[PDB]
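Raw contents of coords.csv, CSV, N, CA and C atoms:
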chain,number,residue,atom,x,y,z
Y,1,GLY,N,-35.1,62.2,102.7
Y,1,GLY,CA,-34.1,61.2,102.8
Y,1,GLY,C,-34.7,59.8,102.8
Y,2,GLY,N,-35.7,59.5,101.9
Y,2,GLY,CA,-36.3,58.2,101.6
Y,2,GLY,C,-37.6,58.0,102.4
Y,3,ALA,N,-38.1,56.8,102.3
Y,3,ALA,CA,-39.4,56.5,102.8
Y,3,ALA,C,-39.4,55.0,103.3
Y,4,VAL,N,-40.2,54.8,104.4
Y,4,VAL,CA,-40.3,53.5,105.0
Y,4,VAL,C,-41.7,53.0,104.9
Y,5,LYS,N,-41.9,51.7,104.5
Y,5,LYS,CA,-43.2,51.0,104.5
Y,5,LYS,C,-43.4,50.2,105.8
Y,6,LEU,N,-44.5,50.5,106.4
Y,6,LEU,CA,-44.9,49.9,107.7
Y,6,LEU,C,-46.3,49.2,107.6
Y,7,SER,N,-46.4,48.1,108.3
Y,7,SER,CA,-47.7,47.6,108.6
Y,7,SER,C,-48.0,47.8,110.1
Y,8,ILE,N,-49.1,48.4,110.4
Y,8,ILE,CA,-49.5,48.7,111.8
Y,8,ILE,C,-50.8,48.0,112.0
Y,9,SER,N,-50.9,47.2,113.1
Y,9,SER,CA,-52.1,46.5,113.5
Y,9,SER,C,-52.2,46.3,115.0
Y,10,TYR,N,-53.3,45.9,115.5
Y,10,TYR,CA,-53.6,45.7,116.9
Y,10,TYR,C,-54.4,44.5,117.2
Y,11,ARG,N,-53.9,43.6,118.0
Y,11,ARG,CA,-54.7,42.4,118.4
Y,11,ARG,C,-54.2,41.9,119.7
Y,12,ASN,N,-55.1,41.3,120.5
Y,12,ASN,CA,-54.8,40.7,121.8
Y,12,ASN,C,-54.0,41.6,122.7
Y,13,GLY,N,-54.4,42.9,122.9
Y,13,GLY,CA,-53.7,43.8,123.7
Y,13,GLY,C,-52.3,44.3,123.2
Y,14,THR,N,-52.0,44.0,121.9
Y,14,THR,CA,-50.7,44.2,121.4
Y,14,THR,C,-50.7,45.1,120.2
Y,15,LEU,N,-49.8,46.1,120.2
Y,15,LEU,CA,-49.6,46.9,119.0
Y,15,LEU,C,-48.5,46.2,118.1
Y,16,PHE,N,-48.8,45.8,116.9
Y,16,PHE,CA,-47.9,45.2,116.0
Y,16,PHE,C,-47.4,46.2,115.0
Y,17,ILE,N,-46.1,46.3,114.9
Y,17,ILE,CA,-45.5,47.3,113.9
Y,17,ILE,C,-44.6,46.4,113.0
Y,18,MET,N,-45.0,46.1,111.8
Y,18,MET,CA,-44.2,45.3,110.9
Y,18,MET,C,-43.4,46.3,110.0
Y,19,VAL,N,-42.1,46.4,110.2
Y,19,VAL,CA,-41.2,47.2,109.4
Y,19,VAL,C,-40.8,46.4,108.1
Y,20,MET,N,-41.3,46.8,107.0
Y,20,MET,CA,-41.1,46.0,105.8
Y,20,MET,C,-39.8,46.3,105.0
Y,21,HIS,N,-39.8,47.5,104.4
Y,21,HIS,CA,-38.6,47.9,103.7
Y,21,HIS,C,-38.5,49.4,103.6
Y,22,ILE,N,-37.3,49.9,103.3
Y,22,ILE,CA,-37.1,51.3,103.1
Y,22,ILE,C,-36.5,51.6,101.7
Y,23,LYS,N,-36.8,52.7,101.1
Y,23,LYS,CA,-36.3,53.0,99.8
Y,23,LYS,C,-35.6,54.4,99.8
Y,24,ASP,N,-34.5,54.5,99.0
Y,24,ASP,CA,-33.8,55.8,98.7
Y,24,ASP,C,-33.3,56.5,99.9
Y,25,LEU,N,-32.6,55.8,100.8
Y,25,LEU,CA,-31.8,56.5,101.8
Y,25,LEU,C,-30.6,57.2,101.2
Y,26,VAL,N,-30.2,58.3,101.8
Y,26,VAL,CA,-29.1,59.1,101.4
Y,26,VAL,C,-28.2,59.3,102.6
Y,27,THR,N,-26.8,59.3,102.3
Y,27,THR,CA,-25.8,59.7,103.3
Y,27,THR,C,-25.1,60.9,102.7
Y,28,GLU,N,-24.6,61.8,103.6
Y,28,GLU,CA,-23.8,62.9,103.2
Y,28,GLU,C,-22.5,62.5,102.5
Y,29,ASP,N,-21.9,61.5,103.0
Y,29,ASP,CA,-20.6,61.1,102.5
Y,29,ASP,C,-20.7,60.3,101.2
Y,30,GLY,N,-21.8,59.8,100.9
Y,30,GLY,CA,-22.0,59.0,99.7
Y,30,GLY,C,-21.8,57.5,99.8
Y,31,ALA,N,-21.2,57.0,100.9
Y,31,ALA,CA,-21.1,55.6,101.2
Y,31,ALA,C,-22.4,55.0,101.6
Y,32,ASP,N,-22.6,53.7,101.3
Y,32,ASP,CA,-23.8,53.0,101.7
Y,32,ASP,C,-23.9,52.8,103.2
Y,33,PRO,N,-25.0,53.1,103.8
Y,33,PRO,CA,-25.1,53.0,105.3
Y,33,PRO,C,-25.4,51.5,105.7
Y,34,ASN,N,-25.6,51.3,107.0
Y,34,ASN,CA,-25.9,50.0,107.5
Y,34,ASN,C,-27.1,50.1,108.4
Y,35,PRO,N,-28.3,50.4,107.7
Y,35,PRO,CA,-29.5,50.8,108.4
Y,35,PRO,C,-30.0,49.8,109.4
Y,36,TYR,N,-30.6,50.3,110.5
Y,36,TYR,CA,-31.5,49.6,111.4
Y,36,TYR,C,-32.5,50.6,111.8
Y,37,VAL,N,-33.7,50.1,112.2
Y,37,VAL,CA,-34.8,50.9,112.6
Y,37,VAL,C,-35.1,50.8,114.1
Y,38,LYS,N,-35.3,51.9,114.7
Y,38,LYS,CA,-35.5,51.9,116.2
Y,38,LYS,C,-36.7,52.7,116.4
Y,39,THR,N,-37.6,52.3,117.4
Y,39,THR,CA,-38.8,53.0,117.7
Y,39,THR,C,-38.9,53.2,119.2
Y,40,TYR,N,-39.5,54.2,119.6
Y,40,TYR,CA,-39.9,54.5,121.0
Y,40,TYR,C,-41.4,54.9,121.0
Y,41,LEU,N,-42.0,54.5,122.1
Y,41,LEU,CA,-43.4,54.8,122.3
Y,41,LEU,C,-43.5,56.1,123.2
Y,42,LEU,N,-43.6,57.2,122.6
Y,42,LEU,CA,-43.7,58.5,123.3
Y,42,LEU,C,-45.1,58.7,124.0
Y,43,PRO,N,-45.1,59.4,125.1
Y,43,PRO,CA,-44.0,60.0,125.9
Y,43,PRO,C,-43.1,58.9,126.5
Y,44,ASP,N,-41.8,59.2,126.6
Y,44,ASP,CA,-40.8,58.3,127.2
Y,44,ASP,C,-39.6,59.3,127.5
Y,45,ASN,N,-39.4,59.5,128.8
Y,45,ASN,CA,-38.3,60.4,129.2
Y,45,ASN,C,-37.1,59.6,129.7
Y,46,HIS,N,-37.2,58.3,129.9
Y,46,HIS,CA,-36.1,57.5,130.3
Y,46,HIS,C,-35.8,56.3,129.4
Y,47,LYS,N,-36.4,56.3,128.2
Y,47,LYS,CA,-36.1,55.3,127.1
Y,47,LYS,C,-36.3,53.9,127.5
Y,48,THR,N,-37.5,53.6,128.1
Y,48,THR,CA,-37.8,52.2,128.5
Y,48,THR,C,-38.7,51.5,127.5
Y,49,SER,N,-39.0,52.1,126.3
Y,49,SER,CA,-39.8,51.5,125.3
Y,49,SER,C,-39.2,51.3,123.9
Y,50,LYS,N,-37.8,51.0,123.9
Y,50,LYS,CA,-37.1,50.9,122.7
Y,50,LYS,C,-37.4,49.5,122.0
Y,51,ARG,N,-37.5,49.6,120.7
Y,51,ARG,CA,-37.4,48.4,119.9
Y,51,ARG,C,-36.5,48.6,118.7
Y,52,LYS,N,-35.9,47.5,118.2
Y,52,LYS,CA,-34.9,47.6,117.2
Y,52,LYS,C,-35.0,46.5,116.2
Y,53,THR,N,-34.8,46.8,114.9
Y,53,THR,CA,-34.6,45.7,113.9
Y,53,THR,C,-33.1,45.2,114.0
Y,54,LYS,N,-32.9,44.3,113.2
Y,54,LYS,CA,-31.5,43.9,113.0
Y,54,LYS,C,-30.9,44.9,112.1
Y,55,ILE,N,-29.6,44.8,112.0
Y,55,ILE,CA,-28.9,45.7,111.1
Y,55,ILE,C,-29.0,45.1,109.7
Y,56,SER,N,-29.1,46.0,108.7
Y,56,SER,CA,-29.1,45.6,107.2
Y,56,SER,C,-27.8,46.2,106.6
Y,57,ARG,N,-27.0,45.4,106.1
Y,57,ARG,CA,-25.6,45.9,105.8
Y,57,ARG,C,-25.5,46.5,104.4
Y,58,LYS,N,-24.8,47.6,104.3
Y,58,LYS,CA,-24.3,48.2,103.0
Y,58,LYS,C,-25.5,48.3,102.0
Y,59,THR,N,-26.5,49.1,102.3
Y,59,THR,CA,-27.6,49.3,101.4
Y,59,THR,C,-28.4,50.5,101.7
Y,60,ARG,N,-28.8,51.2,100.7
Y,60,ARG,CA,-29.7,52.4,100.8
Y,60,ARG,C,-31.2,51.9,100.6
Y,61,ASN,N,-31.4,50.6,100.4
Y,61,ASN,CA,-32.8,50.1,100.3
Y,61,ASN,C,-32.9,48.8,101.1
Y,62,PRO,N,-32.8,48.9,102.4
Y,62,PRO,CA,-33.0,47.7,103.2
Y,62,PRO,C,-34.4,47.1,103.1
Y,63,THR,N,-34.4,45.7,103.1
Y,63,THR,CA,-35.6,45.0,103.5
Y,63,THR,C,-35.4,44.3,104.9
Y,64,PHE,N,-36.4,44.5,105.8
Y,64,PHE,CA,-36.3,43.9,107.1
Y,64,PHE,C,-37.3,42.8,107.3
Y,65,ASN,N,-38.6,43.1,107.0
Y,65,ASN,CA,-39.7,42.2,107.2
Y,65,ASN,C,-39.7,41.7,108.7
Y,66,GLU,N,-39.6,42.7,109.6
Y,66,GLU,CA,-39.3,42.5,111.0
Y,66,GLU,C,-40.4,43.1,111.8
Y,67,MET,N,-41.0,42.3,112.7
Y,67,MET,CA,-42.1,42.8,113.6
Y,67,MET,C,-41.4,43.4,114.9
Y,68,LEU,N,-41.8,44.6,115.2
Y,68,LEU,CA,-41.6,45.3,116.5
Y,68,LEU,C,-42.9,45.3,117.2
Y,69,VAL,N,-42.9,44.9,118.5
Y,69,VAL,CA,-44.1,44.5,119.3
Y,69,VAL,C,-44.1,45.3,120.6
Y,70,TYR,N,-45.3,45.9,120.8
Y,70,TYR,CA,-45.6,46.6,122.1
Y,70,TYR,C,-46.8,46.0,122.7
Y,71,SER,N,-46.5,45.1,123.7
Y,71,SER,CA,-47.6,44.4,124.4
Y,71,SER,C,-48.1,45.1,125.6
Y,72,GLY,N,-49.4,44.8,126.0
Y,72,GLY,CA,-50.0,45.4,127.2
Y,72,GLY,C,-50.4,46.8,127.1
Y,73,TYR,N,-50.9,47.3,126.0
Y,73,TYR,CA,-51.6,48.6,125.9
Y,73,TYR,C,-53.0,48.4,125.3
Y,74,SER,N,-54.0,49.1,125.9
Y,74,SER,CA,-55.3,49.2,125.4
Y,74,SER,C,-55.3,50.2,124.3
Y,75,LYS,N,-56.3,50.0,123.4
Y,75,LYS,CA,-56.4,51.0,122.3
Y,75,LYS,C,-56.6,52.4,122.8
Y,76,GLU,N,-57.4,52.5,123.9
Y,76,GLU,CA,-57.6,53.8,124.5
Y,76,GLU,C,-56.3,54.5,125.0
Y,77,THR,N,-55.4,53.7,125.5
Y,77,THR,CA,-54.1,54.2,126.0
Y,77,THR,C,-53.2,54.5,124.8
Y,78,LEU,N,-53.2,53.7,123.8
Y,78,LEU,CA,-52.4,54.0,122.7
Y,78,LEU,C,-52.7,55.3,122.0
Y,79,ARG,N,-54.0,55.7,122.0
Y,79,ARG,CA,-54.4,56.9,121.4
Y,79,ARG,C,-53.8,58.2,122.0
Y,80,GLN,N,-53.2,58.0,123.2
Y,80,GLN,CA,-52.4,59.1,123.9
Y,80,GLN,C,-50.9,59.0,123.5
Y,81,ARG,N,-50.5,58.0,122.7
Y,81,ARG,CA,-49.1,57.8,122.5
Y,81,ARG,C,-48.7,58.1,121.0
Y,82,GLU,N,-47.4,58.3,120.8
Y,82,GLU,CA,-46.8,58.5,119.5
Y,82,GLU,C,-45.7,57.5,119.3
Y,83,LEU,N,-45.8,56.9,118.1
Y,83,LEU,CA,-44.7,56.0,117.6
Y,83,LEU,C,-43.6,56.9,117.0
Y,84,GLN,N,-42.4,56.9,117.7
Y,84,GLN,CA,-41.3,57.6,117.2
Y,84,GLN,C,-40.4,56.6,116.5
Y,85,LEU,N,-40.2,56.7,115.2
Y,85,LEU,CA,-39.4,55.8,114.4
Y,85,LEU,C,-38.2,56.5,113.9
Y,86,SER,N,-37.0,56.0,114.1
Y,86,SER,CA,-35.8,56.5,113.6
Y,86,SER,C,-35.0,55.5,112.8
Y,87,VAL,N,-34.3,55.9,111.8
Y,87,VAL,CA,-33.4,55.1,111.0
Y,87,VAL,C,-32.0,55.5,111.2
Y,88,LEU,N,-31.1,54.5,111.5
Y,88,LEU,CA,-29.8,54.8,111.9
Y,88,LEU,C,-28.8,53.9,111.2
Y,89,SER,N,-27.6,54.3,111.0
Y,89,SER,CA,-26.6,53.5,110.4
Y,89,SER,C,-25.7,52.9,111.5
Y,90,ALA,N,-25.6,51.6,111.6
Y,90,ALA,CA,-24.7,50.9,112.5
Y,90,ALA,C,-23.3,51.0,112.0
Y,91,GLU,N,-22.4,51.8,112.7
Y,91,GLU,CA,-21.1,52.1,112.3
Y,91,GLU,C,-20.1,51.6,113.3
Y,92,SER,N,-18.9,51.0,112.8
Y,92,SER,CA,-17.9,50.6,113.7
Y,92,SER,C,-16.8,51.6,114.0
Y,93,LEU,N,-16.6,52.5,113.1
Y,93,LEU,CA,-15.5,53.5,113.3
Y,93,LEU,C,-16.0,54.9,113.5
Y,94,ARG,N,-17.3,55.1,113.6
Y,94,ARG,CA,-17.9,56.5,113.9
Y,94,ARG,C,-19.2,56.3,114.5
Y,95,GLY,N,-19.9,57.4,114.9
Y,95,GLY,CA,-21.1,57.3,115.6
Y,95,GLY,C,-22.2,56.8,114.7
Y,96,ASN,N,-23.2,56.1,115.3
Y,96,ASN,CA,-24.3,55.6,114.6
Y,96,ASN,C,-25.2,56.7,114.1
Y,97,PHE,N,-25.0,57.2,112.9
Y,97,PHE,CA,-25.6,58.5,112.5
Y,97,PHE,C,-27.1,58.3,112.1
Y,98,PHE,N,-27.8,59.4,112.2
Y,98,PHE,CA,-29.2,59.5,111.9
Y,98,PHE,C,-29.5,59.7,110.4
Y,99,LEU,N,-30.3,58.8,109.8
Y,99,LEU,CA,-30.7,58.9,108.4
Y,99,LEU,C,-32.1,59.4,108.1
Y,100,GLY,N,-32.9,59.6,109.1
Y,100,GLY,CA,-34.2,60.1,109.0
Y,100,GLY,C,-35.2,59.4,109.9
Y,101,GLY,N,-36.3,60.1,110.2
Y,101,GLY,CA,-37.3,59.4,111.0
Y,101,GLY,C,-38.7,60.0,110.8
Y,102,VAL,N,-39.6,59.4,111.5
Y,102,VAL,CA,-41.0,59.9,111.4
Y,102,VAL,C,-41.7,59.5,112.7
Y,103,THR,N,-42.6,60.4,113.1
Y,103,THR,CA,-43.4,60.3,114.3
Y,103,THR,C,-44.8,60.2,114.0
Y,104,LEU,N,-45.5,59.1,114.4
Y,104,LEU,CA,-46.8,58.7,114.0
Y,104,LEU,C,-47.8,58.7,115.2
Y,105,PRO,N,-48.6,59.7,115.4
Y,105,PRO,CA,-49.6,59.7,116.5
Y,105,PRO,C,-50.5,58.5,116.3
Y,106,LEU,N,-50.8,57.7,117.3
Y,106,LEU,CA,-51.6,56.5,117.2
Y,106,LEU,C,-53.1,56.8,117.1
Y,107,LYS,N,-53.5,58.0,117.5
Y,107,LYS,CA,-54.9,58.4,117.3
Y,107,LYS,C,-55.3,58.5,115.9
Y,108,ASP,N,-54.3,58.6,114.9
Y,108,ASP,CA,-54.7,58.6,113.5
Y,108,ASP,C,-55.0,57.3,112.9
Y,109,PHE,N,-54.8,56.2,113.6
Y,109,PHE,CA,-55.0,54.8,113.1
Y,109,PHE,C,-56.3,54.2,113.5
Y,110,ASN,N,-56.9,53.4,112.6
Y,110,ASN,CA,-58.0,52.5,112.9
Y,110,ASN,C,-57.4,51.2,113.4
Y,111,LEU,N,-57.4,51.1,114.7
Y,111,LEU,CA,-56.7,49.9,115.3
Y,111,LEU,C,-57.5,48.6,115.2
Y,112,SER,N,-58.7,48.7,114.6
Y,112,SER,CA,-59.5,47.5,114.2
Y,112,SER,C,-59.1,47.0,112.9
Y,113,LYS,N,-58.2,47.7,112.2
Y,113,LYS,CA,-57.8,47.4,110.8
Y,113,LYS,C,-56.3,47.3,110.7
Y,114,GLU,N,-55.7,46.6,109.7
Y,114,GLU,CA,-54.3,46.7,109.4
Y,114,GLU,C,-54.0,47.8,108.5
Y,115,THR,N,-53.0,48.7,108.7
Y,115,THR,CA,-52.8,49.9,108.0
Y,115,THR,C,-51.4,49.8,107.4
Y,116,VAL,N,-51.3,49.5,106.1
Y,116,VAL,CA,-50.0,49.4,105.3
Y,116,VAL,C,-49.8,50.6,104.5
Y,117,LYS,N,-48.8,51.4,104.8
Y,117,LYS,CA,-48.6,52.7,104.2
Y,117,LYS,C,-47.1,53.0,104.2
Y,118,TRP,N,-46.6,53.8,103.2
Y,118,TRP,CA,-45.3,54.4,103.2
Y,118,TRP,C,-45.3,55.7,104.0
Y,119,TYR,N,-44.2,56.0,104.5
Y,119,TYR,CA,-44.0,57.3,105.3
Y,119,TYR,C,-42.7,57.9,104.9
Y,120,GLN,N,-42.7,59.2,104.8
Y,120,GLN,CA,-41.6,60.0,104.4
Y,120,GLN,C,-40.6,60.1,105.6
Y,121,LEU,N,-39.4,59.9,105.4
Y,121,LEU,CA,-38.4,60.2,106.5
Y,121,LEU,C,-38.0,61.6,106.4
Y,122,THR,N,-37.8,62.3,107.6
Y,122,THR,CA,-37.4,63.7,107.7
Y,122,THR,C,-36.3,63.8,108.7
Y,123,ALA,N,-35.9,65.0,108.9
Y,123,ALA,CA,-34.7,65.2,109.8
Y,123,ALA,C,-35.1,66.1,111.0

For this file, produce the structure as structure tokens.
Amino acid sequence: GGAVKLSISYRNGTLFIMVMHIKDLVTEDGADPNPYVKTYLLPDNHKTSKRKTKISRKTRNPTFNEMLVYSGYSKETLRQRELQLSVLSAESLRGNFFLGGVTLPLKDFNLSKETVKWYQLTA
């Protein structure tokens, strides 16, 4: 269900997640969604680590260019965490439905470098 391009970096105690754009989203009903991107820093059992982009209206290829920021973690701590990224449609007459997501263990990243990559959305 499409792919998201992210820039991931770390400086001054802060994980920076730049959500750039998404391509080729699909809806079951065939109407254009109103995507926004939401992330949680797992583990999280009470949802206290949410971040959200703004809504992008009526498009299967949103551009956000939006920084989501997690301050106050050491690199050693982040290596125990997973970035859970979800794409959702903001809807006024029905539930905000899921369009795909991806979960990125932070142990996979060189946090001394900026990592710009596409990621496949799955269900």

Could you make a table, as a tab-separated table, of the residues of region 39-70 of chain Y that have an atom within 9 Å of an atom of region 87-94 of chain Y, each with its nearest atom pair and distance in Å to one decimal, counting only C-alpha atoms, in chain and number order?
residue	atom	partner	partner_atom	distance
Y:39	CA	Y:87	CA	8.9
Y:55	CA	Y:90	CA	6.8
Y:56	CA	Y:90	CA	8.7
Y:57	CA	Y:90	CA	8.4

Identify the residues within 12 Å of coordinate (-50.7, 56.8, 122.0) (same frame as the file), considering only C-alpha atoms, and give the answer as a PyMOL selection string. chain Y and resi 15+40-44+70+73-84+103-109+111

Take the residues from that selection and put them in a file with N, CA and C atoms, as a short mmCIF file (atom, residue, chain, number, x, y, z; two decimals), in the coordinates of the input.
data_model
loop_
_atom_site.label_atom_id
_atom_site.label_comp_id
_atom_site.auth_asym_id
_atom_site.auth_seq_id
_atom_site.Cartn_x
_atom_site.Cartn_y
_atom_site.Cartn_z
N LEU Y 15 -49.80 46.10 120.20
CA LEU Y 15 -49.60 46.90 119.00
C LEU Y 15 -48.50 46.20 118.10
N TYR Y 40 -39.50 54.20 119.60
CA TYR Y 40 -39.90 54.50 121.00
C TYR Y 40 -41.40 54.90 121.00
N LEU Y 41 -42.00 54.50 122.10
CA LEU Y 41 -43.40 54.80 122.30
C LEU Y 41 -43.50 56.10 123.20
N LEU Y 42 -43.60 57.20 122.60
CA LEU Y 42 -43.70 58.50 123.30
C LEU Y 42 -45.10 58.70 124.00
N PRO Y 43 -45.10 59.40 125.10
CA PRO Y 43 -44.00 60.00 125.90
C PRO Y 43 -43.10 58.90 126.50
N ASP Y 44 -41.80 59.20 126.60
CA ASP Y 44 -40.80 58.30 127.20
C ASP Y 44 -39.60 59.30 127.50
N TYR Y 70 -45.30 45.90 120.80
CA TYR Y 70 -45.60 46.60 122.10
C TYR Y 70 -46.80 46.00 122.70
N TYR Y 73 -50.90 47.30 126.00
CA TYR Y 73 -51.60 48.60 125.90
C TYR Y 73 -53.00 48.40 125.30
N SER Y 74 -54.00 49.10 125.90
CA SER Y 74 -55.30 49.20 125.40
C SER Y 74 -55.30 50.20 124.30
N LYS Y 75 -56.30 50.00 123.40
CA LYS Y 75 -56.40 51.00 122.30
C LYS Y 75 -56.60 52.40 122.80
N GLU Y 76 -57.40 52.50 123.90
CA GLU Y 76 -57.60 53.80 124.50
C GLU Y 76 -56.30 54.50 125.00
N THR Y 77 -55.40 53.70 125.50
CA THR Y 77 -54.10 54.20 126.00
C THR Y 77 -53.20 54.50 124.80
N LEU Y 78 -53.20 53.70 123.80
CA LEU Y 78 -52.40 54.00 122.70
C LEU Y 78 -52.70 55.30 122.00
N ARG Y 79 -54.00 55.70 122.00
CA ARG Y 79 -54.40 56.90 121.40
C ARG Y 79 -53.80 58.20 122.00
N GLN Y 80 -53.20 58.00 123.20
CA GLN Y 80 -52.40 59.10 123.90
C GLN Y 80 -50.90 59.00 123.50
N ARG Y 81 -50.50 58.00 122.70
CA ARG Y 81 -49.10 57.80 122.50
C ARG Y 81 -48.70 58.10 121.00
N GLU Y 82 -47.40 58.30 120.80
CA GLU Y 82 -46.80 58.50 119.50
C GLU Y 82 -45.70 57.50 119.30
N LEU Y 83 -45.80 56.90 118.10
CA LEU Y 83 -44.70 56.00 117.60
C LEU Y 83 -43.60 56.90 117.00
N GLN Y 84 -42.40 56.90 117.70
CA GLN Y 84 -41.30 57.60 117.20
C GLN Y 84 -40.40 56.60 116.50
N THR Y 103 -42.60 60.40 113.10
CA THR Y 103 -43.40 60.30 114.30
C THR Y 103 -44.80 60.20 114.00
N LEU Y 104 -45.50 59.10 114.40
CA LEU Y 104 -46.80 58.70 114.00
C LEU Y 104 -47.80 58.70 115.20
N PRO Y 105 -48.60 59.70 115.40
CA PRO Y 105 -49.60 59.70 116.50
C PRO Y 105 -50.50 58.50 116.30
N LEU Y 106 -50.80 57.70 117.30
CA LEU Y 106 -51.60 56.50 117.20
C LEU Y 106 -53.10 56.80 117.10
N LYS Y 107 -53.50 58.00 117.50
CA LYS Y 107 -54.90 58.40 117.30
C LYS Y 107 -55.30 58.50 115.90
N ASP Y 108 -54.30 58.60 114.90
CA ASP Y 108 -54.70 58.60 113.50
C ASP Y 108 -55.00 57.30 112.90
N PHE Y 109 -54.80 56.20 113.60
CA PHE Y 109 -55.00 54.80 113.10
C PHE Y 109 -56.30 54.20 113.50
N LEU Y 111 -57.40 51.10 114.70
CA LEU Y 111 -56.70 49.90 115.30
C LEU Y 111 -57.50 48.60 115.20
#

Apply DSSP to the backbone of this structure and, from chain Y, keep only the residues in strand (DSSP E or B); write these as a PyMOL selection string. chain Y and resi 3-11+14-23+35-42+51-52+63-71+82-89+98-105+115-120+122

All alpha helix (DSSP H) residues (DSSP, backbone) inside chain Y, as a ChimeraX atom specification: /Y:75-78

Name the residues within 5 Å of (-44.7, 45.1, 114.5), counting all atoms listed in the file in the file's coordinates, and put them as an mmCIF file with N, CA and C atoms, in the frame of the given file.
data_model
loop_
_atom_site.group_PDB
_atom_site.id
_atom_site.type_symbol
_atom_site.label_atom_id
_atom_site.label_comp_id
_atom_site.auth_asym_id
_atom_site.auth_seq_id
_atom_site.Cartn_x
_atom_site.Cartn_y
_atom_site.Cartn_z
ATOM 1 N N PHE Y 16 -48.800 45.800 116.900
ATOM 2 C CA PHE Y 16 -47.900 45.200 116.000
ATOM 3 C C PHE Y 16 -47.400 46.200 115.000
ATOM 4 N N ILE Y 17 -46.100 46.300 114.900
ATOM 5 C CA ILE Y 17 -45.500 47.300 113.900
ATOM 6 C C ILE Y 17 -44.600 46.400 113.000
ATOM 7 N N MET Y 18 -45.000 46.100 111.800
ATOM 8 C CA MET Y 18 -44.200 45.300 110.900
ATOM 9 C C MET Y 18 -43.400 46.300 110.000
ATOM 10 N N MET Y 67 -41.000 42.300 112.700
ATOM 11 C CA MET Y 67 -42.100 42.800 113.600
ATOM 12 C C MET Y 67 -41.400 43.400 114.900
ATOM 13 N N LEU Y 68 -41.800 44.600 115.200
ATOM 14 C CA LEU Y 68 -41.600 45.300 116.500
ATOM 15 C C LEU Y 68 -42.900 45.300 117.200
ATOM 16 N N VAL Y 69 -42.900 44.900 118.500
ATOM 17 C CA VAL Y 69 -44.100 44.500 119.300
ATOM 18 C C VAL Y 69 -44.100 45.300 120.600
#

Å distance separating atom C of residue 6 (chain Y) from atom C of residue 29 (chain Y), one decimal place: 28.6 Å

Closest to residue 71 (chain Y) among Y:34, Y:14, Y:110, Y:122, using only N, CA and C atoms? Y:14

Can you work out the spacing between atom C of residue 121 (chain Y) and atom C of residue 1 (chain Y) in Å, to one decimal? 5.2 Å

Distance CA of residue 53 (chain Y)-CA of residue 112 (chain Y), one decimal place?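 We find that CA of residue 53 (chain Y) and CA of residue 112 (chain Y) lie 25.0 Å from each other.
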
Who sits within 6 Å of residue 5 (chain Y), all atoms listed in the file, same chain under 3 positions skipped, as a list in words: residues 18, 19, 20, 21, 22, 117, 118 and 119 of chain Y

Proximity to residue 61 (chain Y) - best of Y:97, Y:13, Y:35, Y:86, only C-alpha atoms: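 Smallest separation from residue 61 (chain Y) among the options: Y:35.
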
Give the answer as one residue: which of Y:26, Y:3, Y:37, Y:85 has the shortest atom-to-atom distance to residue 60 (chain Y), using only C-alpha atoms?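 Counting only C-alpha atoms, the residue closest to residue 60 (chain Y) is Y:26.
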